[PDB]
Amino acid sequence: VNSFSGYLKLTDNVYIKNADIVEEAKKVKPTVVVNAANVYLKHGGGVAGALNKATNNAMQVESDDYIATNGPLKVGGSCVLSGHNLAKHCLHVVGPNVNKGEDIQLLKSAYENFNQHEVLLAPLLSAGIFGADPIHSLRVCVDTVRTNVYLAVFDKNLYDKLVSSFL
Ligand SMILES: O[C@H]1CC[C@@H](Nc2ncnc3[nH]c4cc(F)ccc4c23)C1
């Protein structure tokens, strides 16, 4: 039993809710919240900008030190950093950005990072400003992640479409 509430169950291990991931993180304080990161960990907008804003820019300060030491992430890769006031840990995962021409096949590699964590609160990778089809992203999630994932979908309209079209 865990503290996630109000989710619809899609599969054995995948759950979904219409929620603001920032507010969901603030209430649950999950072990892991996933950020929709880019390779530079520049948290300017989308999920990343909202998560970073909720940390009062502490996420960005920590991220800049990470990049200065380690260099950029790979598309499809991840790193574990602090969850600040939102979670124990933040798993920064880089899905491909269609608006930059990155290969959508890398979306499966991105979701594989979730399998290193038993339970996660996450957004749909490559959705929103990353330009992928969220229905495709949900399918890849279900077919790739084997650990327990709680998906927060900010837009109520998209949430309804994702549920109604789910196979
Ligand atoms: O909107 C759709 C497309 C992308 C996906 N993004 C999110 N998913 C879950 N929680 C989210 N909180 C946010 C706060 C923001 F300022 C911006 C985006 C998000 C956001 C859902």
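Sequential numbering from 1 along the given sequence is applied to the chain's residues. For the numbers below, each heavy atom of this structure counts, side chains included, while hydrogens, waters and symmetry mates do not. Order of listing sets the numbers, starting from 1, for every ligand and every atom in it.
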Out of all atoms in ligand 1, which are within 4.0 Å of some heavy atom of [X]? Include the element for each.
X      : value
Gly128 : 3 (C), 4 (C)
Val47  : 6 (N), 7 (C), 8 (N), 11 (C), 17 (C), 18 (C), 19 (C), 20 (C)
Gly46  : 15 (C), 16 (F), 17 (C), 18 (C)
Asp20  : 12 (N)
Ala152 : 8 (N), 9 (C)

What residue and atom, counting heavy atoms only, is the protein's closest point to [atom], and at what distance?
atom                    : result
atom 2 (C) of ligand 1  : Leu158 CD2, 4.2 Å
atom 14 (C) of ligand 1 : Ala50 CB, 3.3 Å
atom 1 (O) of ligand 1  : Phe154 CB, 3.8 Å

- Query: In the single-linkage hydrophobic clustering (I, L, V, M, F, W, Y; side-chain heavy atoms under 4.5 Å), do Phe4 and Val33 co-cluster?
  - Reply: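 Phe4 clusters together with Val33.
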- Message: Tell me whether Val14 shares a hydrophobic cluster with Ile135, the cluster being built from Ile, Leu, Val, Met, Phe, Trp, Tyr side chains joined at under 4.5 Å.
- Response: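 Yes: a chain of side-chain contacts under 4.5 Å links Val14 to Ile135.
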- Query: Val22 near ligand 1, heavy-atom distance under 4.0 Å?
  - Reply: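 No; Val22 lies far enough from ligand 1 that no heavy-atom distance drops under 4.0 Å.
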Is any side-chain heavy atom of [Y] closer than 4.5 Å to one of [X]?
X      : Y      : result
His43  : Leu51  : no
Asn57  : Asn52  : yes
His117 : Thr147 : no

- Name the one of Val145, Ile104, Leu107 that satisfies side-chain contact (heavy atoms from CB on, under 4.5 Å) with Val140?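 Running side-chain contact (heavy atoms from CB on, under 4.5 Å) over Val145, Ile104, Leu107 with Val140 returns exactly one hit, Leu107.
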- What heavy-atom pair brings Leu41 and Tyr66 nearest, and what distance separates the two atoms?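 Shortest heavy-atom separation between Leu41 and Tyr66 comes out as CD1-CD2, 3.7 Å.
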